[PDB]
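Next up is one chain by itself, shown in structure tokens, the form solved without this ligand.
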């Protein structure tokens, strides 16, 4: 599902990590600077899919499309492909009127993990848009320490108090501030282990 491996024959793990950061962070910058970020359906798998394909169209095969394989990160098991579609339809109709609802919906979408890869980054953009539209806030992701966030996300299916704490104490009303967006892209990628570039410099 790595198009660069398939076509370009770049097979080394670190270098493919870096090329994926390069290309997809450039796409993310384009997403914001075009205003495309704010012209897409909010809180729906259609919106998540638009985002995923915007970032990864050249990078992951079938970007923006539901995966066809079961995936899991360690002990954390994501929705079986079997049930993905129905579950996503079920996520579409979840409400998003306050922070509690929005957090619960973000958590269900994380469990769903609809893509083979790129779920974290794309779903964090999805989430920030939901918060913008519904609460007129976004997350200042630089305030949320990487390890705290990853632990909170892994705990969120049993109890979402941790992720709720982090998210609520990192909300700002700087909803269209370019630095918040660009910094959050750098932080979001750093969560996943890409640290080479600043999105601003692409």
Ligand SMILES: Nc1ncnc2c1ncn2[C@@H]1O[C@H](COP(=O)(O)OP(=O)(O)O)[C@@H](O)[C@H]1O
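Positions refer to the first chain, counted from 1. Each form is matched to the other, and the largest set of C-alpha atoms that superpose within 1.5 Å is called the rigid core. Residues that one form lacks are left out of the comparison.
One more form of this protein, solved in complex with this ligand, exists but is not displayed; see below.
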Quiz item: in the bound PDB entry, which of the listed residues (33, 154, 177, 41) lies with a heavy atom within 4.5 Å of this ligand?
Solution: 154
Quiz item: How about residue 132: is it within 4.5 Å of this ligand in the bound PDB entry, going by heavy atoms?
Solution: no
Practice problem: Spell out, yes or no, whether the shortest heavy atom distance between residue 192 and this ligand in the bound PDB entry is within 4.5 Å. | Solution: yes
Exercise. Answer with yes or no whether residue 90 is in contact with this ligand in the bound PDB entry, where contact means some heavy atom within 4.5 Å.
Key: no
Quiz item: Applying a 4.5 Å heavy atom distance criterion, does residue 110 contact this ligand in the bound PDB entry?
Solution: yes
Exercise. Spell out whether the Cα of residue 193 moves at least 2 Å between this form and the one not shown when the two forms are superposed on their rigid core.
Key: no
Quiz item: With the rigid core superposed, can you list, in sequence order, the 3+ residue stretches whose C-alpha atoms all shift 2 Å or more between this form and the one not shown?
Solution: 6 to 9
